[PDB]
RNA sequence: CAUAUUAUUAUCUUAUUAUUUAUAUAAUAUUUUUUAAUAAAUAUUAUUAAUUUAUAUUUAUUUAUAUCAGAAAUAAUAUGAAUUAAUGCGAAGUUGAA
RNA sequence: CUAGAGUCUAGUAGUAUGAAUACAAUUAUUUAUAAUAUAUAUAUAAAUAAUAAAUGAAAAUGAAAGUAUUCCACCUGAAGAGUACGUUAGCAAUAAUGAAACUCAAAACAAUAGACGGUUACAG
RNA sequence: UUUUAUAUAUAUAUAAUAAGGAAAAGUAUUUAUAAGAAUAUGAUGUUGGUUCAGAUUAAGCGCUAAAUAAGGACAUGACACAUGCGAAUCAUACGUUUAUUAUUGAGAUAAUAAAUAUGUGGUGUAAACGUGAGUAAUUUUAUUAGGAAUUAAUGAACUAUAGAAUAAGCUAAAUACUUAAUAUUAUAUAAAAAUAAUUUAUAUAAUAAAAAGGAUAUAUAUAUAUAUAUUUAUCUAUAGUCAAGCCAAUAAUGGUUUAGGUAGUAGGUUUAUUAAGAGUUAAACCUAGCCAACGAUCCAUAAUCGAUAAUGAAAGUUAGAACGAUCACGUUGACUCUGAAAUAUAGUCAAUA
Ligand SMILES: [Mg+2]
Ligand SMILES: [Mg+2]
Ligand SMILES: [Mg+2]
Ligand SMILES: [Mg+2]
Ligand SMILES: [Mg+2]
Ligand SMILES: [Mg+2]
Ligand SMILES: [Mg+2]
Ligand SMILES: [Mg+2]
Ligand SMILES: [Mg+2]
Ligand SMILES: [Mg+2]
Ligand SMILES: [Mg+2]
Ligand SMILES: [Mg+2]
Ligand SMILES: [Mg+2]
Ligand SMILES: [Mg+2]
Ligand SMILES: [Mg+2]
Ligand SMILES: [Mg+2]
């Protein structure tokens, strides 16, 4: 009963709603820009460095 | 950075050297071992040279 | 000293199974060399069933490795124990003077 | 208590108001310097004693038992018990670590009034 | 203060001088909400335990008991089980068996009626149901807008599209089985960039891997075939959906009176296996590592969790019955076939009864 307060006082779970399109569409430019933007390497980095 | 399982317990690989201070330590050790040596040799030469200069006296 | 169950193993035994060795006048398919029985036509010529022959697919036999589970040894996890250590309580008291 | 040396040496062993930082009103003494001309009943400091505020269950503390910060050690009713078992070291002695069941509603601390003591004196 | 004046040696001692004065009327929601009592003492204050007041239950028992509606109901011996049920269905897959009518002469063939699931076949029992033994994580649970090996020429069973559905054998016959025919990856060339690789396109190589007919009608012709249509099946391919396998990070009970543990152990390189990484398993060769007083290893105990239940003011604590999610198991252990997925409640072997 306490945990339900976190979710609007709702007891019981619906199944997680599915996505009609599992991946971003082409017309959705912003996700493409983030995907094809320069990858940051550093203190907060996502890929192997140049010489690594 | 996370990778495929590379062994029983190794699931990460080195991505970037943020700072190479350990490499600096290794290089500086290797350099120092002989860098001090040259100064020691010339110090010994100077010390014995002053010994001889006083010996003339 | 006695009972019980998991775990392991330079040990003993081993179902089945997996690979793995070797052997089959061992089989089955096809390929040869051949032997009988049968058909058509003027000596046959081919056909089926069997004889030898060398490629596959298995069977039996074996070589090695692992292997359920069983023993034997060890250890623990328990359960009981003559014999035995300490301490808790209480009954009205008994004895010392710490 | 153990070894080596001729009684000594070398030992084993490890018992029998935490530390630091910032701050915090006086008085009186001293104490050590710094001055100024014995006198400035001289100022700056630390030691000692009584305080104030503050703290505390109080006794009492009173520049710490106060206001705050940081680090460590320790405590969780009495008795069983620093006992048993196991381990750790030790020739051993010992030491360290260290429970559990049972029993109880106790137990303890400061202070108050008392009667008690060969407790002290003193009187009437 | 500041500015200057005299004097003395840019500076020093003295004397004087000072700019800061403005006025005006009118212009709620406040949030969350925590109480103690008895018992010490000759009496007081404090420490300190013990108990009580509250709510609840997977409840049990004592006494008692009316009707109705709803929610639950072997937590213990994953102990053993009498008896009956819980998984069948398809006759439009193939076969059989009759009755009538017609033609043929005991039968044969058609049409129509039936019977046949004790013969050959297709689909279904990987789910659901129950349970909580094992399991402290070597594959379990929870969470992440987490990943790759950058997961298969896998569709399991429907959708939307195209196509194809051939020949023999063995079965008594076939939609049963065999044999055969026909229908993404690796190379090489370039292009880029989300690049020190991937992707794209092209051209080759092999892809190269299948199938099945029944039910009705009709139309031909010569009962025989054949050819269309309607139905229901079958096979391949693209995508969608639903699904799977693997790894990471954080957390997940008590005992160190369990202090050292680990030799496939920790890491590297190859090979086999897999759709796929990895000492996961098997082989080989190297290095000496890895975990550990922030508690390893070992032991005991336990299925885990929630938007579930109980409680509290809350942090939390407890349960894991009921509702729901995940895992494991179907008397015990190992292995094998099928399959995409199983050490299957299957099969073989063994153990127990
Ligand atoms: Mg009393
Ligand atoms: Mg009911
Ligand atoms: Mg049960
Ligand atoms: Mg029929
Ligand atoms: Mg049948
Ligand atoms: Mg199942
Ligand atoms: Mg078929
Ligand atoms: Mg291993
Ligand atoms: Mg259990
Ligand atoms: Mg639990
Ligand atoms: Mg369980
Ligand atoms: Mg439940
Ligand atoms: Mg139940
Ligand atoms: Mg099972
Ligand atoms: Mg049973
Ligand atoms: Mg089983």
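Chains as they are written, first to last, in the deposited numbering: chain V, 2 to 53; chain Q, 61 to 117.
Beta carbons: idealized from backbone N, C-alpha and C, even for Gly.
Within its own chain, the residues whose Cβ lies closer than 7 Å to the Cβ of residue 41 of chain V, once the five positions on either side in sequence are excluded, are 47, listed in chain order. If the five residues before and after residue 88 of chain Q are omitted, its C-beta is found closer than 8 Å to no C-beta atom of its own chain. Secondary-structure assignment with DSSP links residue 72 of chain Q through a beta bridge to Q/62. Under a criterion of Cβ atoms nearer than 9 Å, no residue of chain Q is adjacent to residue 40 of chain V; the nearest Cβ is some 12 Å distant.
Close to residue 6 of chain V, with beta-carbon spacing below 7 Å, lies no residue of chain Q; the smallest spacing is near 36 Å.
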